[PDB]
Amino acid sequence: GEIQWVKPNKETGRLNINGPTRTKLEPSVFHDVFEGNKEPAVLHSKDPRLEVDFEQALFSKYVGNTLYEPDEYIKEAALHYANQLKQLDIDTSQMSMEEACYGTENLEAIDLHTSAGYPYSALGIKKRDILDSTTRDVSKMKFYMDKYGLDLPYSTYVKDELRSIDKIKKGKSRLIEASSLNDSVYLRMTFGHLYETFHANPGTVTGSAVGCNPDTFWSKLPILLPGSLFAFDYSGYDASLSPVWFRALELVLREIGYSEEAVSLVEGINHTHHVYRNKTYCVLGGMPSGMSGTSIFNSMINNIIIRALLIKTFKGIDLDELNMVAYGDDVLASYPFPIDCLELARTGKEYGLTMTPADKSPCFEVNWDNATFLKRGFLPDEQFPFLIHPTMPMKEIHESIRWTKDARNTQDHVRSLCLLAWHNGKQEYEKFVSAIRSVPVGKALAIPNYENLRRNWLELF
RNA sequence: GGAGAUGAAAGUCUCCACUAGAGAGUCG
RNA sequence: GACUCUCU
Ligand SMILES: [Zn+2]
């Protein structure tokens, strides 16, 4: 991904889009009870904590582009994946505007407590003024579709969230790319059925973990990924995507039988325009965070990437022996023979991808005893060993509990953290629960009982 | 909670990141 | 079926 040009909104006619510049985050009653090192991200140009210029750090994630056209490896990789998807029999027909706006069994409705994007978020128009869950009215939507057209620019906001100390000093806040409801509606109308399929089939045919429930999915993974595991991390996956991968995605979409009209929509996301405050900018490459389909598409693209990386790096790779699962950039994959990722990373750089080792180390072996996916590890149950615990590390659960965007929901926050923490064992969970109790607010909380968490987990099976 | 508008005030009104997934809670 | 929270 690479920024092509920046022009003032005076020159491009774009309305100003401003976001919030002060964090909803404030220290919690458990702030000094647990340890942690994170703080709210830098949201403002003149934050004291800053050690560099803010915006230059904000947009450094667009590292640039390498390949624009698929080579022979990326073609064969698209084709292998594309063929693997055919057994799913995806409905490539256009879904109805009622279904796209208001949902199906396998596709939630358009979120209505959330912004409608350019240009509504500047005209004071909310989604709620155009859509109505109870009416299922597609009347006002089709009017505004033909008022503002399609390909409206993405509204850029800084994400309000906890980041490590470094990323605060160095200015490395995340940006969200808020789509226009007009594009979300169309994207949902063109690929909604593919969405349905992908949500209805987390696993190694889709290669998509989207829709999975870690409590039960974790026990299938060691059967779905047999043999030697490999994994790795990307530095800036979304923004590093060179235009070639959108070309690759187009290869997969056609092979599974999408209309050319449908496939044309992919350039609409390889090449995007954006408004940040009072400037308009152009981005060639890079997956916009906030568009209808980002996760699935990043997940598809990843499937193309691993296949290509494999067959351009090693000789005699049988892609039929690859199993893999992607959640956007997150990956777990297995092959009958160990795959050296030091060499994949080398192939990766050729393709504009920066890959680091998975254990956050500077050397690249991955096994179940140390593999992680969706931030959780894999821990076989001490009683029934074929049942696998996802283990969210207690370090990350400590980071969350120390802050809050509204204390009115402390009770709710702590329960959700306990549903995550208990998989680390009785001894760790009671260490957690008792330190919550160590504070006057903690003694007023309803806290789930470990044996009830365990018992509820086992009835799942 | 923060910001604004208005107003002596009371109040009133307006704003406070996108796409998805998962789990939970509350109510019907 | 709504509304909300926390995670990823
Ligand atoms: Zn452009």
# chains A, B, ... in the order shown; residues from 1 in each chain; ligands from 1
>>> interface_residues(of="chain A", to="chain C", cutoff="12 Å", atoms="only C-alpha atoms (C1' of nucleotides)", output="ChimeraX atom specification")
/A:112-113,133-134,209-214,295,327-328,330,373-376,392,396-397,399-401,403-421
>>> closest_atom_pairs(of="chain B", to="chain A", cutoff="12 Å", atoms="only C-alpha atoms (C1' of nucleotides)", output="CSV")
residue,atom,partner,partner_atom,distance
B:1,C1',A:406,CA,7.5
B:2,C1',A:24,CA,8.2
B:3,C1',A:20,CA,9.7
B:14,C1',A:124,CA,9.8
B:15,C1',A:124,CA,9.5
B:16,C1',A:20,CA,6.2
B:17,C1',A:157,CA,5.3
B:18,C1',A:178,CA,4.0
B:19,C1',A:290,CA,4.1
B:20,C1',A:295,CA,6.4
B:21,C1',A:211,CA,5.3
B:22,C1',A:213,CA,5.8
B:23,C1',A:416,CA,7.3
B:24,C1',A:416,CA,6.2
B:25,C1',A:412,CA,6.8
B:26,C1',A:412,CA,10.5
>>> residues_near_ligand(ligand="ligand 1", cutoff="6 Å", atoms="only C-alpha atoms (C1' of nucleotides) and all ligand atoms", output="compact mmCIF listing (two decimals) with N, CA and C atoms, in the first residue's frame")
# COMPACT_ATOMS: atom_id res chain seq x y z
N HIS A 271 -7.63 0.79 -4.99
CA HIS A 271 -7.41 2.21 -5.23
C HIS A 271 -8.47 2.99 -4.46
N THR A 272 -8.12 3.54 -3.30
CA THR A 272 -9.10 4.26 -2.50
C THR A 272 -8.65 5.68 -2.17
N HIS A 273 -9.63 6.56 -1.99
CA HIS A 273 -9.39 7.93 -1.57
C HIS A 273 -9.87 8.09 -0.13
N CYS A 282 -4.95 9.75 -1.43
CA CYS A 282 -5.10 8.62 -2.34
C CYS A 282 -4.25 7.48 -1.84
>>> select_by_dssp(residues="stretch 106-245 of chain A", states="strand (DSSP E or B)", output="PyMOL selection string")
chain A and resi 107+154-158+162-163+175-178+203+208+228-230+233-234
>>> atom_distance(atom1="atom CA of residue A:324", atom2="atom CA of residue A:204")
5.9 Å
>>> residues_around(residues="stretch 362-372 of chain A", least_positions_apart="5", cutoff="9 Å", atoms="only C-alpha atoms (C1' of nucleotides)", output="ChimeraX atom specification")
/A:222,228-232,332,338,340-342,356-357,377-379,390-392
>>> write_last_selection(atoms="N, CA and C atoms", output="PDB file, in the first residue's frame")
ATOM      1  N   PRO A 222      -6.149 -29.121  15.999  1.00  0.00           N
ATOM      2  CA  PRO A 222      -5.089 -30.128  15.835  1.00  0.00           C
ATOM      3  C   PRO A 222      -5.464 -31.268  14.896  1.00  0.00           C
ATOM      4  N   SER A 228       3.413 -30.989  10.638  1.00  0.00           N
ATOM      5  CA  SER A 228       4.199 -29.876  11.157  1.00  0.00           C
ATOM      6  C   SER A 228       3.466 -28.558  10.968  1.00  0.00           C
ATOM      7  N   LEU A 229       3.310 -27.833  12.074  1.00  0.00           N
ATOM      8  CA  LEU A 229       2.787 -26.477  12.126  1.00  0.00           C
ATOM      9  C   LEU A 229       3.818 -25.455  11.674  1.00  0.00           C
ATOM     10  N   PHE A 230       3.350 -24.415  10.980  1.00  0.00           N
ATOM     11  CA  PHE A 230       4.149 -23.207  10.848  1.00  0.00           C
ATOM     12  C   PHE A 230       3.285 -21.964  11.018  1.00  0.00           C
ATOM     13  N   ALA A 231       3.877 -20.914  11.593  1.00  0.00           N
ATOM     14  CA  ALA A 231       3.210 -19.621  11.695  1.00  0.00           C
ATOM     15  C   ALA A 231       4.229 -18.494  11.733  1.00  0.00           C
ATOM     16  N   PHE A 232       3.710 -17.276  11.648  1.00  0.00           N
ATOM     17  CA  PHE A 232       4.530 -16.075  11.637  1.00  0.00           C
ATOM     18  C   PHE A 232       3.601 -14.876  11.779  1.00  0.00           C
ATOM     19  N   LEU A 332      -2.666 -19.818  11.054  1.00  0.00           N
ATOM     20  CA  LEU A 332      -2.044 -21.050  11.477  1.00  0.00           C
ATOM     21  C   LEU A 332      -2.093 -21.985  10.290  1.00  0.00           C
ATOM     22  N   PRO A 338       8.296 -29.945   7.953  1.00  0.00           N
ATOM     23  CA  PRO A 338       8.491 -28.597   8.489  1.00  0.00           C
ATOM     24  C   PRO A 338       8.857 -27.588   7.410  1.00  0.00           C
ATOM     25  N   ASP A 340      10.460 -23.960   6.718  1.00  0.00           N
ATOM     26  CA  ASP A 340      11.345 -22.920   7.235  1.00  0.00           C
ATOM     27  C   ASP A 340      10.832 -21.551   6.813  1.00  0.00           C
ATOM     28  N   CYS A 341      10.427 -20.723   7.788  1.00  0.00           N
ATOM     29  CA  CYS A 341       9.853 -19.399   7.537  1.00  0.00           C
ATOM     30  C   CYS A 341      10.890 -18.287   7.428  1.00  0.00           C
ATOM     31  N   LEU A 342      12.118 -18.511   7.898  1.00  0.00           N
ATOM     32  CA  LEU A 342      13.204 -17.622   7.507  1.00  0.00           C
ATOM     33  C   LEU A 342      13.239 -17.453   5.990  1.00  0.00           C
ATOM     34  N   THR A 356       7.714 -11.401  10.517  1.00  0.00           N
ATOM     35  CA  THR A 356       8.589 -11.638  11.654  1.00  0.00           C
ATOM     36  C   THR A 356       8.216 -12.965  12.311  1.00  0.00           C
ATOM     37  N   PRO A 357       9.071 -13.521  13.173  1.00  0.00           N
ATOM     38  CA  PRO A 357       8.698 -14.776  13.840  1.00  0.00           C
ATOM     39  C   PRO A 357       7.517 -14.595  14.787  1.00  0.00           C
ATOM     40  N   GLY A 377      -3.348 -19.400  23.177  1.00  0.00           N
ATOM     41  CA  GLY A 377      -2.565 -20.598  22.986  1.00  0.00           C
ATOM     42  C   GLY A 377      -3.436 -21.827  23.007  1.00  0.00           C
ATOM     43  N   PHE A 378      -2.781 -22.978  22.890  1.00  0.00           N
ATOM     44  CA  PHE A 378      -3.453 -24.272  22.830  1.00  0.00           C
ATOM     45  C   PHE A 378      -2.982 -25.115  24.000  1.00  0.00           C
ATOM     46  N   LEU A 379      -3.904 -25.428  24.906  1.00  0.00           N
ATOM     47  CA  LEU A 379      -3.602 -26.125  26.159  1.00  0.00           C
ATOM     48  C   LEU A 379      -4.479 -27.349  26.327  1.00  0.00           C
ATOM     49  N   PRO A 390      -8.349 -22.905  24.567  1.00  0.00           N
ATOM     50  CA  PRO A 390      -7.637 -21.689  24.168  1.00  0.00           C
ATOM     51  C   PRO A 390      -7.147 -20.977  25.425  1.00  0.00           C
ATOM     52  N   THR A 391      -5.857 -20.657  25.477  1.00  0.00           N
ATOM     53  CA  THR A 391      -5.290 -19.964  26.639  1.00  0.00           C
ATOM     54  C   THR A 391      -4.874 -18.551  26.251  1.00  0.00           C
ATOM     55  N   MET A 392      -5.751 -17.597  26.534  1.00  0.00           N
ATOM     56  CA  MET A 392      -5.438 -16.174  26.511  1.00  0.00           C
ATOM     57  C   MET A 392      -4.467 -15.869  27.643  1.00  0.00           C
TER      58      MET A 392
END
>>> select_by_dssp(residues="stretch 242-454 of chain A", states="helix (DSSP H, G or I)", output="count of residues only")
103
>>> atom_distance(atom1="atom CA of residue A:106", atom2="atom CA of residue A:189")
13.9 Å
>>> atom_distance(atom1="atom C1' of residue B:4", atom2="atom CA of residue A:278")
20.0 Å
>>> residues_around(residues="residue A:458", least_positions_apart="5", cutoff="10 Å", atoms="only C-alpha atoms (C1' of nucleotides)", output="tab-separated table (two decimals) with C-alpha atoms, in the first residue's frame")
chain	number	residue	atom	x	y	z
A	215	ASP	CA	-14.12	-22.73	23.08
A	216	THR	CA	-14.91	-25.52	20.58
A	384	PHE	CA	-9.71	-35.20	28.77
A	387	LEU	CA	-10.27	-31.27	24.43
A	452	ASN	CA	-19.28	-23.57	36.71
A	453	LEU	CA	-17.09	-22.22	33.92
>>> residues_around(residues="stretch 244-250 of chain A", least_positions_apart="4", cutoff="8 Å", atoms="only C-alpha atoms (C1' of nucleotides)", output="count of residues only")
18
